[PDB]
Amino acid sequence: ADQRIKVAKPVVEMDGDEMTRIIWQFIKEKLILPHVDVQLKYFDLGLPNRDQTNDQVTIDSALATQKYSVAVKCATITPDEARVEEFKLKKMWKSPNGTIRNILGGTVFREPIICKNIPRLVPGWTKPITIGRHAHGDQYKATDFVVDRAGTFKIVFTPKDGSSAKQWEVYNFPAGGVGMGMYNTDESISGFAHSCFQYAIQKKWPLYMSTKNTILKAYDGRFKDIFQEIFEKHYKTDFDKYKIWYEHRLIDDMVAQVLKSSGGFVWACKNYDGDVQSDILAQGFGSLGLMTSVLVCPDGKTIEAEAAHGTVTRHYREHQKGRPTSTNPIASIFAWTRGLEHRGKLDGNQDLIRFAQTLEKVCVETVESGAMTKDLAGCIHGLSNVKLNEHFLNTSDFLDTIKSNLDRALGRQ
């Protein structure tokens, strides 16, 4: 090789679990470190270390991200009963993503990584679609509980200024059941709106925001009102100028509209809807492994790029048996590239920016050239008609191919 790109500021690195943790290291050693001299503020968010630090490492990584402005995160495990037993956890630690997002705040933008040779499950989507998932509140910062006997469920709001408090009787349970309370803030919703309007303008695409305000008149109505107010005051002039538009839509009408569309728009989703619908989008364009996920804070300075899929336990078990696997690392690679690209933009480091964009292009070109992992090969020839080294490559070999293609792309620059 030659000189490695010098990076003036550090990048926060959040290590993850199982198979994703394994390929994360492969990516670091084969594609990043050899070409980039970056200081990494390492935080092991692997389940074992979270348990050892009583989940404090998760909070620490979020604070570090605020300080340094950029973080790249590896997929992690959100503990359930079985995981508690498997890892002998002292507590069923809450979702680290939820914790990080709550601290940083913002919008998680998700878009498909388009490869011309990968078949879409929804033929009609000829253009990409971007989802802006509000990353704060609602079901992810809720208080839920089980009721085991008849009783009254009420809510009390007590003003800090000392003004008259208010109460609501949510329900008088005749017997057992469940209850929950959730919230969101005008401040968080506003930041969410601004980020989405700005993204739509950058893309020169229309923007749609979905809710079910016909049912949750106050809660969802707030989202609708704030979006419209912010639109009229700050973005309508530009939207009209660029011949795009902004429209609120009821969630059920919206999902049908999207499925029947040809894509080419930004879709602002509440936290829960963003979670559910982004997986429909990823799968619809071809694969869950072909999607980027970047948390953009309202400050327009801080971001957290992540691999938003599972930890591929199946493959991990094989890896533990000393066997190679064919795990798609593309999503993890884009977490690194989006992070390095932002680091470069903040520092005005053109070489780093060019490196990140080059690696992303090389990933797509590599797949389009026919080199890919088993999952993608299956999407083309059928999950039951693909043979190793014939239709797909194992993770390590796939990465070596990317590395080769990368050097070539950089050499011709």
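Counting begins at 1, following the sequence as shown.
*If you average the CA temperature factors over each stretch, which comes out higher, 397-405 or 9-17?*
That would be 397-405.
_Mean temperature factor over C-alpha atoms, higher-scoring stretch between 205-213 and 326-334_ = Mean CA B-factor is higher for 326-334.
*Between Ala82, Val147, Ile129, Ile230, which carries the biggest CA temperature factor in the record?*
Going by the entry's C-alpha B-factors, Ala82 comes out highest.
*From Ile32, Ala64, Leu388, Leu359, which pick has the Cα B-factor that tops the rest in the entry?*
Of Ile32, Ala64, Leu388, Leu359, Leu388 has the highest C-alpha B-factor.
*Chain-relative CA temperature factor third for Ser261*: Its C-alpha B-factor, which the entry lists for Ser261, ranks in the middle third among residues of this chain.
*State the tercile, meaning the lowest, middle or highest third, of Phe285 with respect to the CA B-factors recorded for its chain.*
For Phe285, whose C-alpha B-factor we compare with every modelled residue in the chain, the answer is the middle third.
*Comparing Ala165 with the other modelled residues of its chain, is its CA B-factor in the lowest, middle or highest third?*
Highest third - that is where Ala165 ends up once the chain's C-alpha B-factors are sorted.
*So where's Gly300 on the chain's Cα temperature factor ranking, which third?*
Answer is highest: the recorded C-alpha B-factor places it there.
_Test of reading the entry: by CA B factor among the chain's modelled residues, which third contains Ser95?_
According to the entry, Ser95 has a C-alpha B-factor in the chain's middle third.
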